[PDB]
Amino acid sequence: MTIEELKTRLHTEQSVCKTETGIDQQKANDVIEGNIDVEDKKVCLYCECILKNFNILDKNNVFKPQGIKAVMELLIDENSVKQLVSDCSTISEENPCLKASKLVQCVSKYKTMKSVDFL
């Protein structure tokens, strides 16, 4: 997988999840920039859709270390991946929607979706 390929895969999932949740473009743009309004219902749904479409969150709402690694390997280094995985795996949330927005917020402090466009 090349950087230009993931950029396109990321843009596609951003478009799919926006259409699927009905999230306002400005709110979707905030999420992409790394500004997650964790409790906003459309924000958490958009986050959930993105994580699930990338196999980061499985069907049983489990944060996947192999899922994040497959996605992050080309974006961030091993050292950063291990820190991200360790940190974000500490998120304990029963509400799947809220868990998703908290996870996207956690991942965004390492690499925002917006910053991927600079590579």
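From 1 onward, residues are counted along the sequence shown.
Averaged over CA atoms, B-factors in the entry run higher in 37 to 45 than in the other of 37 to 45 and 78 to 86. Mean CA B-factor, 22 to 30 versus 61 to 69: the higher value falls on 61 to 69. Placement of the Cα temperature factor of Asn55 within the chain: middle third of the modelled residues, per the deposited record.
In this PDB entry, the Cα temperature factor of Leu103 sits in the bottom third of its chain's modelled residues, the lowest group. In the PDB entry, a CA B factor belonging to the highest third of its chain's modelled residues is recorded for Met1.
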